[PDB]
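Contents: one structure, followed by commentary.
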Ligand SMILES: *[C@@H]1O[C@H](CO)[C@@H](O)[C@H](O)[C@H]1NC(C)=O
Ligand SMILES: *[C@@H]1O[C@H](CO)[C@@H](O)[C@H](O)[C@H]1NC(C)=O
Ligand SMILES: *[C@@H]1O[C@H](CO)[C@@H](O)[C@H](O)[C@H]1NC(C)=O
Ligand SMILES: *[C@@H]1O[C@H](CO)[C@@H](O)[C@H](O)[C@H]1NC(C)=O
Ligand SMILES: *[C@@H]1O[C@H](CO)[C@@H](O)[C@H](O)[C@H]1NC(C)=O
Ligand SMILES: *[C@@H]1O[C@H](CO)[C@@H](O)[C@H](O)[C@H]1NC(C)=O
Ligand SMILES: *[C@@H]1O[C@H](CO)[C@@H](O)[C@H](O)[C@H]1NC(C)=O
Ligand SMILES: *[C@@H]1O[C@H](CO)[C@@H](O)[C@H](O)[C@H]1NC(C)=O
Ligand SMILES: *[C@@H]1O[C@H](CO)[C@@H](O)[C@H](O)[C@H]1NC(C)=O
Ligand SMILES: *[C@@H]1O[C@H](CO)[C@@H](O)[C@H](O)[C@H]1NC(C)=O
Ligand SMILES: *[C@@H]1O[C@H](CO)[C@@H](O)[C@H](O)[C@H]1NC(C)=O
Ligand SMILES: *[C@@H]1O[C@H](CO)[C@@H](O)[C@H](O)[C@H]1NC(C)=O
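Chains as they are written, first to last, in the deposited numbering: chain C, 14 to 40; chain B, 644 to 727, 730 to 991, 1023 to 1046, 1119 to 1217, 1221 to 1303; chain A, 328 to 491, 512 to 639, 643 to 727, 731 to 991, 1122 to 1216, 1221 to 1303; chain D, 4 to 26.
Set out below in structure tokens:
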């Protein structure tokens, strides 16, 4: 998909679908 | 013309003072500062007073007003000469709460000199200011920030409302649903087809809120002259674009409209047109004040009326008349010993949503790392002897509320019913076979009795007898067959054929008629005249003619 | 007392459970987490077969976000006891957000939240939520940061049975159907084994009690060291978030922030995170060296105080971007102190600042470190305050930060009394005497909230049952102040003043607050302005609770108005209402029963019921028609209060039954009335007499009793007796027969006619009857008769106004 | 950078969001 302006829970859903696994951890 | 004084209008009565003033003069500005406490009819009085004026000599000012929605009362106003408030401002508008509209849309005013002033107008609409641009004589390209408090006006009164299609799918006799066919993008659309209306965040969009009410004329306006109004029943917000209404009045003319609810910080909104519908012909109201009177032993007059709501259109009146089981002998106590006279009886709050908003933003930014025969149809039940109908039914047109009925059983109490009914509406005929029904209303009983007959079935075959002709005299007759109700006693009577003798009389039950069909008495020697009457459950009967015999 | 800690302390720094259940192994054996802890993005928490009771505390805060496959938070933490709240995320301490599988918490082991608040949100499946008391688990000071919603309990969660378990605020206190909540005695504040058995207050999070009777604190009130609790650390050991730590280990230890890993600073006896004002961390980064202190930072926007964390320690703010505090909050939370931490360093800034769309800001007081903004643009506006529905005041009385350029822009600040703005003038370069009209809303700010105005007094001076009048006690300094102090109500210009206005309403409870701004929804009645300070009410409902208040309507664009508080009074008794649904019912020819009620405003202490019954003349013979023609077969029927029922002249019946009855009664029964006579009936309620009335209104106006109205009833039909008597028949010698009797002494009303009847003893014969309108019966001393030859029997029945009387008995006669 | 700054403030795209999707 192209350009994005996601906000609200939509951004969380978009992140979840963009990758089903893997985040660098905060520390 | 009256060229009445300009100056301060601090209250409505001052406008009342200047009633009918076509012209207003006085170089001092016309100042409008009504602080009335929202008690309605502020606009009405203003028009009553000021609607006559067509031209203003000096400038005019308005500020600190309470409860004023607009200046629309200036119906006659045409132009402002603007004589100095100063030369800078022909018209001045400051700190006007609740104000949201200027002169009538089809009207155009002319401003003679200088500029205007518009700041601190929270409910006034910045776009509306530009409408004054052609009105000014100098024809400026736009009103500058110095003149327009754009950031200080309309911040919770925005107006860019996209029109919203809204249509029902159907309606019952008591309910309806609304289904906004216009599609709204809650997230940023990323440019799909059309998407004419949009919001930057689903959370900021509370949902659709529905307004509806009852209006036979379908002309109720959106706004109200009194800012406080409740004619519109208002419901809870929802986001599915569909709502269901219930507890509605059958076949009632309604009016409705919907609006978008969003955070106050958010300033985009959408809005629908005023639309109406009717709510199916429902159950009719039962007939009103039905009453009847007997015209004869065979005839009765029946009357009624329909004052209550029809809840549709009356297809036809339906009548049912029945013979109840005829009044029966009350053997509890004796007749004869005592006779009977044949008597008879008868604003929104956003706090919680925004609190969720910002906390969620911070969190996400932190986490991530890099009893009735309802057939109701005309019919008659005819007696076996065919002298009367034990039941009668009839359809009648809905344009007359009285009728007469005949060929009833001569003596009896009757039970009758009248009911109105509605049509087989197309919305219902598709499945009005799996019961459903409900076309016709319920009803109430009417009880009445017919009059007594021409004569009380005068007992016939009267004769007098004597055996072994000494033995007592005997009197014989055939019992009545058509008395007004059950016969209760026979009243035999006779007189001696001489001057000043009384004519005796008797009473007796139905005894001994089976044995010999006649009564006997050991009457003394002489010549007498004989007659008889009988009495039924309908009290007294009537007498027969005379017969004569000599005795010894 | 110095004493043992429960279980050995195995501390471990902050850890994050992310993307995998396996990462729980990282949390092995920790008695405490010296930091924050979180669990997120575990969609399939089913493999959680292992639990960890060893841990009992985590210091900073907890967040649980977007986890499914987990039922109750207790599944992972059986024994988590306390949150020390050393750092508070978004001010909160407990956070659980958007976790669909979460129906329960079940954390019946936690005992104290040391600071901040709790936040469980949009976890739909959650149930048994409100039964948890969170006001007890927080600190006793002002700490109301409880936020709970979005669970659909009204339909999805009706399972709140609980055991029977303690019940307060009209519902049980629970975690689920099994685990009931428990408060230890008010002396404790959650430092207890159970509801009553508590250790020393040093034992935060409860305690373990040794079988030998030795207490064992689960956590220390102040600090810990070597599995012991003490009030202060030994010399040479710095305090680190729960415990005493050497300087070297403090250096090895670290405290985390959103984008930093700061190492511990052993300084002035505490393992400091970063230096205070006037100090800077040395290039060795092992201690804080003194400085000046001054520090520069970039401008920007502050949306949440979490971002405000980033601005701590900045003495200067640069960048042409207008600074904008844009925070909001459910309540008046820690925002003030957290912003104190974040901004107390800044004293100078390059560009202007705006505040808008903000909630919960009590004031700008936290900016006291500021001294000058210097302006920059937000074009040509020095300071901007727009739509902040909680801000009311800016700074301390002595704090005044100069503004060199631009004009202020204040709007929609409904709780900010404008008088505060009038203070801002000397800090602006032009030192003007007034603001330009486009600068500050004259009514868009402070109008909705009181936030000020001068105090005022008033007292009711006299009252009637229908009227009252009031009188202000405060002074009024019209023009030049004639008498300073003692409250003034100053109006520098007499032309500005107009007059006092009074408000009032009906209020049984007397807690209507004050005038309401919105159109309609008003219930107060306003009054015209008046000068003397005294005004009169009338047409008031008697004996009713009324509420009122007073305020100076004279705005005249003058901002020093005054206002009074609400006050209450009661009208005088007045006059009682009429008795309701009064009904009288016949019981016998001499007995009646009457019932009533008083379903209306008493208008005074009801003191009695005035029962009165007056005998009325019975209906009399009407000479309109001769009633022999047809019989009237049956009867038809439809001021100074005083006692003393009365009896008849012949003493046969009561003539009057004016009686005293208490308000206690609702019905009464009557006896010894006369048959077929009509009685007019009253029942009137009466109030007490006012102390003033019994010495001022004695002569007249009474009004102690209500209005009388007539109810009517008849004694029924008389008994059968006394119809006719002395019946006998005789002969004149062809000779006429004569019959005799004496008329009834007290018939059912006056005799209408005699009704004689006779019958032969012949079988099957029906009798014959005749009337007599009393004729000259007694002049002839008997009625006259002519019959045929034979033997006969006779009867008579009375015919009177009440209709037919019964027949008298028979006797027989022969004629030849 | 923070997502709320990199998204919902100024535009962005998935390929930019992929920076976060690192196991
Ligand atoms: C109704 O829908 C039509 C398209 O079907 C659209 O052109 C029109 O603008 C809509 N009108 C309103 C008032 O929504
Ligand atoms: C009614 O709602 C449904 C979805 O519930 C939608 O598909 C349909 O288009 C709506 N009707 C109209 C006329 O838009
Ligand atoms: C609607 O019509 C009724 C009847 O003609 C009229 O009384 C009423 O004033 C009308 N209202 C509007 C808003 O047109
Ligand atoms: C009633 O309606 C019938 C047709 O159904 C018509 O013949 C008759 O004239 C009408 N009478 C009145 C009084 O309207
Ligand atoms: C009797 O019946 C006739 C015919 O239905 C009607 O015209 C008349 O009004 C009735 N009588 C009364 C008193 O209504
Ligand atoms: C927890 O501590 C025990 C010793 O008490 C140790 O054997 C075990 O390995 C530790 N847990 C882990 C996950 O290493
Ligand atoms: C504030 O100023 C007043 C005089 O206006 C002074 O009396 C007071 O001591 C000052 N307070 C502080 C904390 O400086
Ligand atoms: C109002 O009360 C004061 C005492 O509080 C009294 O001196 C004054 O006369 C009163 N006003 C009137 C008009 O009686
Ligand atoms: C105003 O009333 C209060 C009590 O409500 C009283 O303490 C005070 O002295 C009064 N002030 C004046 C000036 O009467
Ligand atoms: C306040 O008044 C309301 C009615 O307006 C009443 O329901 C409530 O109990 C009152 N509360 C108190 C504390 O008086
Ligand atoms: C009188 O009426 C009252 C009405 O409540 C009833 O309780 C009482 O028993 C009655 N007494 C008599 C003697 O009728
Ligand atoms: C009514 O009076 C009786 C006797 O005097 C007394 O025992 C009772 O409590 C009273 N009831 C009421 C409601 O006053």
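Backbone N, C-alpha and C define an ideal beta-carbon position, used for all residues, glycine too.
Proximity to residue i [Cα-Cα], best of the options
i: residue 797 (chain A); options: A:977, A:774, A:971; result: A:774
i: residue 675 (chain B); options: B:697, B:663, B:948, B:702; result: B:702
i: residue 712 (chain B); options: B:747, B:693, B:720, B:698; result: B:747
i: residue 941 (chain A); options: A:450, A:790, A:1152; result: A:1152
i: residue 733 (chain A); options: B:672, B:791, B:1293, B:954; result: B:791
i: residue 555 (chain A); options: A:436, A:809, A:886, A:366; result: A:436
i: residue 654 (chain B); options: B:1171, B:705, B:670; result: B:705
i: residue 894 (chain B); options: B:883, B:884, B:925; result: B:925
i: residue 871 (chain A); options: B:1143, B:871, B:885; result: B:871
i: residue 673 (chain B); options: B:726, B:1272, B:718; result: B:726
heavy atom of ligand 11 below 7 Å from residue i C-beta
i: residue 940 (chain A); result: yes
Rounded distance between the beta-carbons of residue j and residue i, thought under 8 Å
i: residue 1200 (chain B); j: residue 1235 (chain B); result: 5 Å
i: residue 668 (chain B); j: residue 700 (chain B); result: 5 Å
i: residue 853 (chain A); j: residue 905 (chain A); result: 6 Å
i: residue 446 (chain A); j: residue 421 (chain A); result: 7 Å
i: residue 568 (chain A); j: residue 549 (chain A); result: 5 Å
Cross-chain neighbours of residue i in chain C, by beta carbon under 7 Å
i: residue 603 (chain A); result: 40
Partner residues on chain D for residue i, Cβ-Cβ distance less than 7 Å
i: residue 22 (chain C); result: Ordered by position in chain D, no residue passes the 7 Å Cβ test against residue 22 (chain C), which lies about 12 Å from the chain.
Residues that residue i bridges to, as DSSP identifies them
i: residue 939 (chain B); result: B:945
i: residue 888 (chain A); result: A:823
i: residue 1196 (chain B); result: B:1162
i: residue 338 (chain A); result: A:359
i: residue 601 (chain A); result: A:610
i: residue 576 (chain A); result: A:330, A:571
Residue i CB to nearest heavy atom of ligand 6 below 7 Å
i: residue 574 (chain A); result: no
i: residue 352 (chain A); result: yes
Residue i: CB within 7 Å of a non-hydrogen atom of ligand 5
i: residue 948 (chain B); result: yes
i: residue 1152 (chain B); result: yes
Residue i CB to nearest heavy atom of ligand 8 below 7 Å
i: residue 537 (chain A); result: no
Check: residue i C-beta below 7 Å from any heavy atom of ligand 2
i: residue 812 (chain B); result: yes
Under 8 Å by beta carbon: chain A residues contacting residue i
i: residue 1037 (chain B); result: 653, 654
Near ligand 1: residue i beta-carbon under 7 Å from a heavy atom
i: residue 903 (chain B); result: no
Closer than 8 Å at the beta carbon, the chain B residues around residue i
i: residue 680 (chain A); result: 1027, 1028, 1031
heavy atom of ligand 3 below 7 Å from residue i C-beta
i: residue 868 (chain B); result: no
i: residue 862 (chain B); result: yes
Distance cut-off 7 Å: residue i Cβ against heavy atoms of ligand 9
i: residue 840 (chain A); result: yes
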